[PDB]
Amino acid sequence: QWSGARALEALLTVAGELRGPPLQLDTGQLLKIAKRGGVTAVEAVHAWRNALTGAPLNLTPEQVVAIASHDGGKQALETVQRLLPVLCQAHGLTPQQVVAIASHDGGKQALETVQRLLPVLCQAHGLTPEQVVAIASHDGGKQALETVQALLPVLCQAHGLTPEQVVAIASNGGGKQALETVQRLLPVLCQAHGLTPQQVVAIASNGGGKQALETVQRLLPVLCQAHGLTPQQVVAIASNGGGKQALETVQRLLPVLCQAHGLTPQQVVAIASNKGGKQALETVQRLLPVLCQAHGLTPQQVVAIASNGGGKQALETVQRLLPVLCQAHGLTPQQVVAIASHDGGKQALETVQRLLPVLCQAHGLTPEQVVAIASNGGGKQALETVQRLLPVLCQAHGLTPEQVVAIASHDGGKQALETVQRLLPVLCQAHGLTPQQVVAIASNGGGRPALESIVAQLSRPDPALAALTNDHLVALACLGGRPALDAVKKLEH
């Protein structure tokens, strides 16, 4: 008999139980824990279900699931019930910060290292607890924290990095490797190739930071001679998430894409310059002719779709959905391209296919409005949030559908919609902003934190901003969101 059977059965017995109180998990959550934390994590969740749920710790099931669903999840759960009160009461962290540190493979190691090293990192090395938490909150967090403790001086003094730069490099999975590689390659990349430390930090500050730095060292000469690529272009390919894989793929596919399809090197660099850039390039090589036949999509339109994170996913999804969306839903090919040409284009496209009928029919939006909401990063999230929140926003808060669509139609649309739902009443009733002013603040990228900054100034006024009327603060918030408010405070004093 297949040896995995007894454990699978154990897994399923314990799982079915967790569907009960006090966690009541769903198949999705159960699968998630089983898939990364394994049977051991599922059993640990059950055994610890009562101790995590309410007082003392009072963790939500989502938080329990977030902690359990990683390699060593059982170890992280044990450690969180032990160290959460310590970290909150002895170092002044929030439960949310503790849970963030915990929710990665080896979370136990991260938690224990934060407990051990936070004081020396803050006192002796000058970091804030926020910076320590960010460093800790990735797989290998323990290694990154220990490497920051060891290398912070040499990186700032011998190599000229700011502590902020060191923190940014550390704050990725594989942070220890990136830090060590920067220490070794910074003078090589700067002195031999004329890169600024800023460009080096930009290359290093991503997962696979080590790999991207070594690949830039190895490939920069070859790429900047034989392929007429500029150093700026190579840095961009390396620093945008594509890392080592994107660089090696550009070396392979630049001449193929240029010669065979007439793409420009600028176009190839743009396709390369994202997470999964390698995947995007190879998919363009494969799919451009299939999409561009019959005067179908133009090359330019294909390049636009490809030129985002997950470009490969967007491309393949366009190929799948272009005909059904255009025919069955009446969208233009142009509109499909629009929807597809953002990070997560696949998700947005699939969500439009699914929700365009319902938003139009059940909520009285136009297809144009659905497309407008869909055509931003996180479009899927904004579409599903419009579906959920249109009746409460309109019926209870008095907003028009047009205003809801406008809030929804930016990156972070979901966040802006939820925040308006949350804060409209205190902003309007308690502080006399008009709904129109609230909608104006929220109808930009960064809508949510702009609203929260405003609410904060009205609820605990900082004298630094007290010379501005609500109307002026509203104008400021619309102009430049939370950062503009923060910037103005700095100006005051």
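Residue positions are given as counts along the sequence shown, with the first one as 1.
- Averaged over Cα atoms, the B-factor as recorded in the entry is higher for 261-269 than for the other of 138-146 and 261-269.
- Between 95-103 and 321-329, it is 321-329 that carries the larger average Cα temperature factor according to the deposited entry.
- Set against one another, the Cα B-factors of 159, 286, 210, 346 in the record reach their highest point at 286.
- Across 69, 437, 27, 443, the entry's maximum B-factor at the CA atom is seen for 27.
- Annotation for residue 377: CA B-factor lies in the lowest third of the chain's modelled residues.
- Among all modelled residues in its chain, residue 411 ranks in the lowest third by Cα B-factor.
- Among all modelled residues in its chain, residue 78 ranks in the middle third by Cα B-factor.
- Residue 474: CA B factor lies in the lowest third for its chain, per the PDB record.
- Per the PDB record, residue ranking by Cα B-factor puts residue 451 in the lowest third of the chain.
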